[PDB]
Amino acid sequence: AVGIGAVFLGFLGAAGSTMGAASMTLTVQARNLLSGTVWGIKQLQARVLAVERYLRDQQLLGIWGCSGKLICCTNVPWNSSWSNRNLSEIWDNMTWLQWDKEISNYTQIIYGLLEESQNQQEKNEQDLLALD
Amino acid sequence: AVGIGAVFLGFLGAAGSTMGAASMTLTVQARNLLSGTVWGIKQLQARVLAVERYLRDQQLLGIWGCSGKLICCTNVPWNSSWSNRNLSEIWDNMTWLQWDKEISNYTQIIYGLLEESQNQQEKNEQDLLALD
Amino acid sequence: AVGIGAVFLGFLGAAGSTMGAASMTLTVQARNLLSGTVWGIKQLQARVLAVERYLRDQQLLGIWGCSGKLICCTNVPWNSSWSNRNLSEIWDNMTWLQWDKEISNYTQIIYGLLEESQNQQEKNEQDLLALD
Amino acid sequence: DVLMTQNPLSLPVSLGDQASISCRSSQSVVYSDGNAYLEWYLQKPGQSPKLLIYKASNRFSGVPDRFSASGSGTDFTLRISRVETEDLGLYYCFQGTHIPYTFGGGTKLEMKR
Amino acid sequence: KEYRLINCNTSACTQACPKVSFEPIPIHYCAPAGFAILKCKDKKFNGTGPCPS
Amino acid sequence: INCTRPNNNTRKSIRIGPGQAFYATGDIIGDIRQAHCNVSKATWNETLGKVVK
Amino acid sequence: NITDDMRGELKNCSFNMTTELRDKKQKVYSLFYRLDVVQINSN
Amino acid sequence: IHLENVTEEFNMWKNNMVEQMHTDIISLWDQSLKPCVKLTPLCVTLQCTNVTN
Ligand SMILES: *[C@@H]1O[C@H](CO)[C@@H](O[C@@H]2O[C@H](CO)[C@@H](O[C@@H]3O[C@H](CO[C@H]4O[C@H](CO)[C@@H](O)[C@H](O)[C@@H]4O)[C@@H](O)[C@H](O[C@H]4O[C@H](CO)[C@@H](O)[C@H](O)[C@@H]4O)[C@@H]3O)[C@H](O)[C@H]2NC(C)=O)[C@H](O)[C@H]1NC(C)=O
Ligand SMILES: *[C@@H]1O[C@H](CO)[C@@H](O[C@@H]2O[C@H](CO)[C@@H](O[C@@H]3O[C@H](CO)[C@@H](O)[C@H](O)[C@@H]3O)[C@H](O)[C@H]2NC(C)=O)[C@H](O)[C@H]1NC(C)=O
Ligand SMILES: *[C@@H]1O[C@H](CO)[C@@H](O[C@@H]2O[C@H](CO)[C@@H](O[C@@H]3O[C@H](CO)[C@@H](O)[C@H](O)[C@@H]3O)[C@H](O)[C@H]2NC(C)=O)[C@H](O)[C@H]1NC(C)=O
Ligand SMILES: *[C@@H]1O[C@H](CO)[C@@H](O[C@@H]2O[C@H](CO)[C@@H](O[C@@H]3O[C@H](CO)[C@@H](O)[C@H](O)[C@@H]3O)[C@H](O)[C@H]2NC(C)=O)[C@H](O)[C@H]1NC(C)=O
Ligand SMILES: *[C@@H]1O[C@H](CO)[C@@H](O[C@@H]2O[C@H](CO)[C@@H](O)[C@H](O)[C@H]2NC(C)=O)[C@H](O)[C@H]1NC(C)=O
Ligand SMILES: *[C@@H]1O[C@H](CO)[C@@H](O[C@@H]2O[C@H](CO)[C@@H](O)[C@H](O)[C@H]2NC(C)=O)[C@H](O)[C@H]1NC(C)=O
Ligand SMILES: *[C@@H]1O[C@H](CO)[C@@H](O[C@@H]2O[C@H](CO)[C@@H](O)[C@H](O)[C@H]2NC(C)=O)[C@H](O)[C@H]1NC(C)=O
Ligand SMILES: *[C@@H]1O[C@H](CO)[C@@H](O)[C@H](O)[C@H]1NC(C)=O
Ligand SMILES: *[C@@H]1O[C@H](CO)[C@@H](O)[C@H](O)[C@H]1NC(C)=O
Ligand SMILES: *[C@@H]1O[C@H](CO)[C@@H](O)[C@H](O)[C@H]1NC(C)=O
Ligand SMILES: *[C@@H]1O[C@H](CO)[C@@H](O)[C@H](O)[C@H]1NC(C)=O
Ligand SMILES: *[C@@H]1O[C@H](CO)[C@@H](O)[C@H](O)[C@H]1NC(C)=O
Ligand SMILES: *[C@@H]1O[C@H](CO)[C@@H](O)[C@H](O)[C@H]1NC(C)=O
Ligand SMILES: *[C@@H]1O[C@H](CO)[C@@H](O)[C@H](O)[C@H]1NC(C)=O
Ligand SMILES: *[C@@H]1O[C@H](CO)[C@@H](O)[C@H](O)[C@H]1NC(C)=O
Ligand SMILES: *[C@@H]1O[C@H](CO)[C@@H](O)[C@H](O)[C@H]1NC(C)=O
Ligand SMILES: *[C@@H]1O[C@H](CO)[C@@H](O)[C@H](O)[C@H]1NC(C)=O
Ligand SMILES: *[C@@H]1O[C@H](CO)[C@@H](O)[C@H](O)[C@H]1NC(C)=O
Ligand SMILES: *[C@@H]1O[C@H](CO)[C@@H](O)[C@H](O)[C@H]1NC(C)=O
């Protein structure tokens with residue numbers, strides 16, 4: 001038998017699993033994002049829009065200093081205001097859908113903090129490079 | 001009041017400011033680059049061309065070893081022939097438009113030097129990795 | 001005279017040269033990949049497909065931890081099963097076409113090994129970052 | 001969903017003869033990888049099920065040449081030659097490609113005296 | 001003696017515009033990005049098989 | 001549900017123009033009877049009872 | 001040979017029609033269902 | 001650019017880029033004919049006689 005693990009390795013197969021376990025199948029969704037007269041026009045528009053969305057996401061990741069990485073550790077400390085929940089709870093009980101629902105309110109704040117942290121790190125790198 | 005700083009943070013808001021100050025709003029233009037029957041065909045062609053231009057710029061940056069960075073320090077020394085101007089002058093008096101007008105002549109030379117420097121650094125990395 | 005080196009620096013100019021020598025003209029092909037009613041529709045479809053192919057290749061490279069690099073050294077050891085051939089033979093006698101013909105069978109195995117190695121390295125980085 | 005039909009319910013056979021078990025799938029079992037994961041399992045009275053053949057063609061581990069399986073897609077058949085006393089038990093066919101997996105109806109091998 | 005145009009039981013013919021010329025003009029086919037066109041320079045190539053040059 | 005058109009229809013091609021044909025209806029071969037559909041009385045009653053439930 | 005339930009459902013209509021030649025016309029007839037034809041108002 | 005030491009397999013009979021050329025030529029031919037006059041009125045009876053001139 002193939003086994004039920006291949007299901008876990010399928011597209012969105014870990015959507016119901018704990019986010020800690022779902023963190024091991026990021027590449028599946030990441031690759032699915034680029035999978036590949038009026039009807040042709042509509043199909044082409046959809047493809048172009050998908051490409052634009054992927055490029056915007058990649059540009060954001062690069063702007064945070066996370067270019068080329070699927071998991072990127074940052075310098076921004078976690079605020080208890082966003083979520084006072086424990087680490088074990090988050091990474092062994094909840095799923096990414098539930099977590100997204102919980103933290104959807106603070107997402108823009110976190111994005112701005114990441115941008116500011118990357119800018120500060122870039123200028124600190126440039127200033128230490130003003131010193132060496 | 002919102003304040004005049006939000007204007008500085010707008011698209012091209014720093015076009016008239018000193019390049020030293022304009023260096024702190026690069027992300028605005030970088031993000032604007034990806035902002036998002038005959039009429040539909042023309043719009044789609046424009047979008048595809050914009051995507052191609054952005055990808056060409058990113059490929060160039062990567063070819064210089066500057067992938068994912070908005071400010072990238074390099075190993076290519078600055079030639080006095082390109083501009084004998086001081087550092088304070090450049091980064092506290094001029095703007096990026098004036099500077100582009102001044103150095104438009106040597107841009108291809110600088111690009112070739114950056115490519116050669118990145119190739120040399122890559123092969124030196126590979127050769128030190130031939131030694132470790 | 002311009003010299004025969006400019007031919008070597010042309011598109012596919014090193015296709016017949018030894019892969020060791022052809023490794024010094026990767027940027028030419030890399031840049032050519034992005035070079036730039038029914039007829040317009042077909043041209044637009046071709047351009048979109050080219051962009052999608054380039055983005056898929058870049059995503060693969062990033063998934064292997066090789067983002068932004070044309071030559072990327074990895075942690076995956078070379079199996080003698082794939083090719084028992086020597087190093088001098090490969091890099092001073094054969095060409096990339098011959099080598100591709102030889103190793104076309106094991107390409108997917110190597111790709112999977114690269115993905116696994118990058119995942120292991122990413123989680124080891126995250127775990128050492130669980131320790132610092 | 002994948003109904004695993006096994007016939008006959010009882011398969012009388014004399015010692016040293018050949019017994020054939022037929023097992024038909026409702027739909028195709030071939031997986032995207034190209035392999036068909038259909039397995040035959042035998043349960044002796046008072047013993048847990050034991051694997052016999054995997055992939056519907058390969059022998060589990062030095063199981064007798066008597067135990068030979070064949071078929072394709074909808075139809076799969078398991079053949080047992082030179083029936084011995086140790087072959088008594090319930091034979092079950094099982095497909096392992098589509099979730100949920102299912103077991104065969106079951107064939108009761110009966111030796112003849 | 002009555003006649004009709006040969007095409008009248010199949011379709012209606014479109015008159016060619018008198019100003020448009022039928023004279024052929026050379027056309028070049030070019031490879032897009034990510035593709036190349038290989039030319040066989042062998043002067044005794046019979047159209048199939050390996051081309052050394 | 002069993003639906004039928006019991007008339008034995010005949011088709012007739014009429015040339016409307018160059019390459020244009022209109023398919024008319026010729027004489028009906030045999031008797032002319034109404035088209036109809038049949039469903040089982042008991043099956044329909046059972047299904048209606050179920051939907052009512 | 002119509003049935004009582006098909007009385008007036010079919011009409012036998014004759015009309016002049018264009019031919020493949022622009023200067024010629026043909027007299028043709030066709031059967032039309034009563035739901036497809038509306039009277040315009042002896043003849 | 002001449003590719004030294006490169007040997008390639010060609011097939012002029014299974015070659016693509018000939019079907020594309022055929023399609024492009026046909027499409028160009030049709031496009032050049034769209035704006036022109038359709039000779040529907042020309043499908044009329046003609047009274048013809050020999051040209052002994
Ligand atoms: C819808 O309405 C149309 C009317 O336009 C009907 O079509 C007519 O149908 C009638 C009856 O079927 C046709 O009349 C018959 O024509 C046959 C062919 O005609 C040739 O032969 C006659 C001489 O008999 C010539 O004058 C003529 O030019 C043709 O060369 C005849 O063979 C038939 O004759 C037979 O019956 C008569 C009855 O008295 C006998 O005396 C004869 O000996 C012989 O046995 C008959 O005359 C008529 O031709 C049709 N016209 C057209 C234009 O089609 C459709 O039938 C009707 N359809 C429905 C469904 O109602
Ligand atoms: C729908 O159902 C009706 C009945 O409700 C069907 O009508 C019946 O059709 C059959 C076969 O066409 C007729 O049989 C005929 O019977 C006569 C007298 O017995 C016989 O001489 C003929 O040779 C023929 O066998 C039947 O008379 C007719 N009417 C009835 C009341 O049964 C109808 O055919 C059904 N249609 C469909 C599409 O199901
Ligand atoms: C609609 O038409 C179908 C035919 O396509 C009818 O199905 C057929 O119905 C006849 C009954 O007149 C069946 O024949 C009978 O078969 C039984 C056994 O099932 C037998 O005991 C009878 O003596 C008789 O021979 C026929 O088998 C059946 N075939 C199929 C494929 O269904 C259907 O009944 C019609 N329904 C209605 C509402 O008119
Ligand atoms: C199809 O076209 C023909 C030819 O134009 C039409 O036939 C013509 O119909 C008119 C009026 O129905 C006829 O005029 C009438 O003639 C009678 C007989 O002499 C006379 O008593 C009346 O006072 C009136 O003048 C005309 O003669 C007739 N011509 C021919 C050659 O038949 C026909 O009506 C058109 N429609 C159909 C359905 O055929
Ligand atoms: C259009 O008319 C032409 C001329 O009548 C047809 O071509 C002729 O068809 C007859 C068949 O009865 C042949 O015997 C002749 O040899 C044909 N002529 C030529 C020059 O080939 C043609 O078939 C008609 N087209 C249609 C669609 O009916
Ligand atoms: C509808 O009518 C046509 C009349 O043309 C029937 O076709 C004839 O059928 C008989 C018997 O099967 C044959 O001998 C003739 O050669 C057929 N003629 C033609 C022109 O096809 C047809 O069978 C009738 N349909 C039904 C269901 O009765
Ligand atoms: C005018 O041309 C016609 C032909 O279009 C001549 O008629 C005959 O045509 C047949 C073939 O179609 C030839 O074999 C004959 O030799 C032709 N002549 C005769 C007398 O049959 C016709 O002769 C020509 N001349 C005139 C005055 O009509
Ligand atoms: C956390 O959020 C509170 C409330 O918005 C804010 O005052 C505080 O500065 C934040 N701290 C961090 C580290 O984000
Ligand atoms: C989170 O961990 C702390 C550890 O000190 C524990 O006291 C607390 O109960 C945990 N959270 C929940 C919801 O139990
Ligand atoms: C997010 O904000 C909405 C109002 O915009 C509020 O109703 C909701 O409770 C907030 N969610 C959280 C988790 O604070
Ligand atoms: C600067 O430019 C001059 C003139 O082109 C050239 O000779 C010199 O090598 C250049 N030096 C550097 C460091 O680019
Ligand atoms: C540039 O700096 C030097 C410092 O030694 C100074 O002498 C010179 O005047 C400056 N340039 C100008 C244009 O003043
Ligand atoms: C750049 O080159 C042009 C001629 O191509 C010349 O006219 C111009 O003065 C040059 N600019 C500088 C800053 O040297
Ligand atoms: C090399 O290939 C063999 C055969 O597939 C396999 O057993 C072995 O583990 C492989 N070793 C490496 C380092 O890839
Ligand atoms: C590869 O190198 C080894 C060095 O020990 C040599 O013995 C061998 O002959 C070389 N391979 C070939 C094909 O000569
Ligand atoms: C690759 O596999 C094919 C069969 O799929 C085989 O014919 C061929 O010899 C293999 N190539 C190598 C180099 O092993
Ligand atoms: C339908 O079935 C019911 C009982 O199930 C019965 O009373 C009735 O007479 C049947 N017919 C109709 C038309 O309801
Ligand atoms: C029309 O009905 C009559 C009897 O009413 C019959 O004699 C005649 O044959 C029928 N016509 C056809 C075409 O069946
Ligand atoms: C050309 O290829 C042959 C074999 O394919 C090889 O022996 C020879 O060394 C090659 N020459 C060059 C210049 O690459």
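Residues carry numbers counted from 1 along their chain as the sequence is written. These may differ from the entry numbering, and residues without coordinates are not shown. Whichever chain is written first becomes A and whichever ligand is written first becomes 1, with later ones labelled in order. Part of a larger assembly is shown here, and the values speak for that part only. By convention in this description, side-chain values take in all heavy atoms of the structure and omit both hydrogens and water.

Draft legend 1. How the structure looks around the overall build of chain D. Segments assigned H or I by DSSP are reported as helices when at least four residues long, segments assigned E as strands when at least two residues long, and all are numbered from the N terminus. Helix and strand content of chain D: 0 helices and 11 strands. Written out in order from the N terminus, the α and β elements of chain D read β-β-β-β-β-β-β-β-β-β-β. Seen through its principal axes, chain D has C-alpha atoms that stretch 45 × 25 × 25 Å. Buried means the residue's accessible area, taken with a 1.4 Å probe over protein chains only, is under 20% of the maximum for its type, while exposed means over 50%, and partly exposed covers the values in between. Burial statistics for chain D: of 113 residues in total, 39% are counted as buried. Restricting the contact set of chain D to residue pairs at least 6 apart, pairs at least 24 apart contribute 53%. About 6100 Å² of surface is accessible on chain D, with carbon and sulfur atoms providing 53% of the total. Should any heavy atoms of two residues lie within 4.5 Å, those residues are considered in contact. Accessible surface area values rest on a Shrake-Rupley calculation with a 1.4 Å probe, where residue burial reflects the displayed protein chains alone.

Draft legend 2. Representation of the overall build of chain A within the structure. Scanning chain A from N- to C-terminus turns up 7 helices and 0 strands. Secondary structure of chain A in N-to-C order comes out as α-α-α-α-α-α-α. Along the longest, intermediate and shortest principal axes, the C-alpha atoms of chain A span 55 × 45 × 30 Å. For chain A, the residues scored as buried account for 27% of the 132 residues in total. Working note: accessible area of chain A is about 8300 Å², and carbon and sulfur atoms make up 56% of it. Here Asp and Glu are counted as negative and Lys and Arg as positive; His is not counted, and neither are the chain ends. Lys charges are placed at NZ, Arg charges at CZ, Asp charges at CG and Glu charges at CD. Where the 9 positive side-chain charges of chain A centre and where its 12 negative ones centre are 14 Å apart.

Draft legend 3. Inspection of the sheet that holds strand 8 (residues 75–80) of chain D at higher detail. Residues and elements named next belong to chain D. The rule for pairing is simple: two strands pair if DSSP sees at least two bridges between them. Strand order in the open sheet formed by 4 strands is 1-3-8-7, with antiparallel pairing between adjacent strands. Looking at strand neighbours, the two that pair on one side only are strand 1 (4–7) and strand 7 (67–72), the edges of this open sheet. Strand-to-strand twist in this sheet, taken as the mean axis angle between neighbours without regard to direction, amounts to 20 degrees. Across 6 bridges, the pairing between strand 3 (residues 19–25) and strand 8 is antiparallel. Counterpart to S22 in the pairing with strand 8 is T77. As a rule, the C-alpha atoms of each element are fitted with a line to give its axis, helices using only the stretch in contact, and angles between N-to-C directions run from 0 to 180 degrees.

Draft legend 4. Representation of the state of the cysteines in the model. Disulfides are defined in this document as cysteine sulfur pairs within 2.5 Å. A complete count under the given rule lists 8 disulfides over all chains for this structure. In this model, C40(E) is linked to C51(E) through a disulfide, with the two sulfur atoms separated by 2.0 Å. Across the S-S bond linking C40(E) and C51(E), the dihedral sits near 100 degrees, which makes this disulfide right-handed. Residue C40(E) is located in the loop between strand 2 (13–14) and strand 3 (48–51), and its partner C51(E) is located in strand 3; the two are separated by 11 residues in the primary sequence. You'll find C40(E) and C51(E) in the same group, each marked buried. In this model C73(C) remains outside any disulfide bridge; the closest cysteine sulfur is found in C72(C), 6.9 Å from its own.

Draft legend 5. Representation of the packing of helix 4 (residues 38–63) of chain B against helix 4 (residues 38–63) of chain C. Packing of helix 4 of chain B against helix 4 of chain C leaves a shortest axis separation of 11 Å and a crossing angle of 30 degrees. Judged on the interaxial angle alone, helix 4 of chain C and helix 4 of chain B are roughly parallel. Handedness of the helix 4 of chain B/helix 4 of chain C crossing: left-handed. On helix 4 of chain C, the residues that touch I41(B), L44(B), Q45(B), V48(B), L49(B), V51(B), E52(B), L55(B) and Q59(B) of helix 4 of chain B are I41(C), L44(C), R47(C), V48(C), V51(C), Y54(C) and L55(C). Note that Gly is not counted as nonpolar here; it falls among the polar residues with everything else outside the nonpolar set of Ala, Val, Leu, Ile, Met, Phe, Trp, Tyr, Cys and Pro and the charged set of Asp, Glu, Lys and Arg. Residues belonging to the contact of helix 4 of chain B with helix 4 of chain C are distributed by class as follows: 12 nonpolar, 2 polar and 2 charged. Orientation labels follow simple angle bins: below 35 degrees gives roughly parallel, above 145 gives roughly antiparallel, 65 to 115 gives roughly perpendicular, and whatever is left gives oblique. By definition, any crossing whose near helix is turned counterclockwise from its far helix by less than a right angle is left-handed, and any crossing with a clockwise turn is right-handed.

Draft legend 6. Layout of the side chain of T97(D). In this fold, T97(D) is placed in the loop between strand 9 (89–95) and strand 10 (102–103). For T97(D), a relative accessible area of 3% translates into the label buried. Polar contact is the term for a pair of N or O atoms within 3.5 Å; when the atoms are in protein, one must be able to donate a hydrogen and the other to accept it, and sequence-neighboring residues count only if both atoms are side-chain atoms. Within polar-contact distance, the side chain of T97(D) engages the backbone oxygen of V29(D) at 2.9 Å. A polar contact is formed between the side chain of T97(D) and the side chain of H98(D), at a distance of 3.1 Å. Every residue in contact with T97(D), bar those within four places of it in the chain, is listed here: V2(A), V29(D), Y31(D), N35(D) and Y37(D).

Draft legend 7. Just the interface of chain H and chain E, in detail. The interface of chain H with chain E comprises 27 residues on the first partner and 28 residues on the second. Both faces considered, chain H and chain E share a buried interface measuring about 2400 Å² in area, 65% of it formed by carbon and sulfur atoms. Here chain H is connected to chain E by 9 residue pairs in polar contact. Looking at the side of chain H that touches chain E, the elements that each hand over two or more residues are strand 1 (8–11), helix 1 (19–31), strand 2 (38–39) and strand 3 (46–47) of chain H. Summed over both partners, buried area is the accessible surface (1.4 Å probe) that two parts give up on being assembled.

Draft legend 8. Molecular detail of the interface of chain H and chain G. Each side of the interface is counted separately: chain H has 4 residues, and chain G has 5 residues. On the chain H side of the contact with chain G, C43(H), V44(H) and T45(H) bury the most area, a combined 82% of that side's loss. Each salt bridge in this description consists of a side-chain nitrogen of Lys or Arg and a carboxyl oxygen of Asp or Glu lying within 4 Å of one another. Where chain H meets chain G, there are 0 salt bridges. On the surface where chain H and chain G come into contact, there are 3 residue pairs in polar contact. Considering only residue class, the side of chain H that touches chain G consists of 3 nonpolar, 1 polar and no charged.

Draft legend 9. Structural view of helix 4 of chain B. Here a helix's expected span is defined as the number of its residues, less one, multiplied by 1.5 Å. Between its terminal C-alpha atoms helix 4 of chain B stretches 37 Å, which fits the 38 Å expected from 26 residues at 1.5 Å a residue. Check the buried side of helix 4 of chain B and you find it contacts helix 4 (38–63) of chain A, helix 7 (107–128) of chain B together with helix 3 (26–32) and helix 4 of chain C.

Draft legend 10. Structural view of the nonpolar core. Judged by nonpolar contacts, the single largest core of 23 residues is most densely connected at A19(D), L38(D), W40(D), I53(D) and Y91(D). Of all the elements in the fold, those that place two or more residues in this core are strand 2 (10–14), strand 3, strand 4 (38–43), strand 5 (50–54), strand 7, strand 8 and strand 9 of chain D. For this analysis, a nonpolar core means a set of buried residues of the types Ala, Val, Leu, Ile, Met, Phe, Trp, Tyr and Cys, connected via side-chain atoms within 4.5 Å. If you look at the next biggest cluster of nonpolar residues, it comprises 12 residues, including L34(B), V51(B), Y54(B) and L55(B).

Draft legend 11. Examining unusual backbone geometry more closely. Residues and elements named next belong to chain D. Residue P8 is bonded to the preceding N7 through a cis peptide linkage, with omega at -5 degrees. Mapping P8 onto the fold places it in the loop between strand 1 and strand 2. Along the chain, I99 connects to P100 via a cis peptide bond; the corresponding omega equals 0 degrees. By the secondary structure assignment, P100 is in the loop between strand 9 and strand 10. One non-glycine residue, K55, adopts positive backbone phi at about 75 degrees. Inspection of the secondary structure assignment puts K55 in the loop between strand 5 and strand 6 (58–59).

Draft legend 12. Representation of helix 4 of chain C in the model. Within the sequence span of helix 4 of chain C, burial applies to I41(C), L44(C), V48(C), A50(C), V51(C), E52(C), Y54(C), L55(C), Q59(C), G62(C) and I63(C). On its buried face, helix 4 of chain C sits against helix 3 (26–32) and helix 4 of chain A, helix 4 of chain B together with helix 7 (107–128) of chain C. Downstream of helix 4 of chain C by one or two residues, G65(C) has phi in the positive range, about 75 degrees.

Draft legend 13. Molecular detail of the pairing of strand 7 of chain D. Residues and elements named next belong to chain D. When strand 7 meets strand 8, the two strands line up antiparallel, connected through 6 bridges. Its bridge partner being in strand 8, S70 is matched across the sheet by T77. In sequence, strand 7 turns back onto strand 8 through a hairpin of 2 residues, with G73 there showing a positive phi of about 55 degrees.

Draft legend 14. Quick look at the arrangement of the chains. The interface with the most contacts, out of 12 pairs of chains in contact, is the one formed by chains E and H. Between chain D and chain G there is no contact, and the shortest C-alpha to C-alpha separation is 48 Å. Chain H makes no contact with chain A, the minimum C-alpha separation between the two being 15 Å.

Honestly, that's just the spatial picture; any functional story needs more than this.
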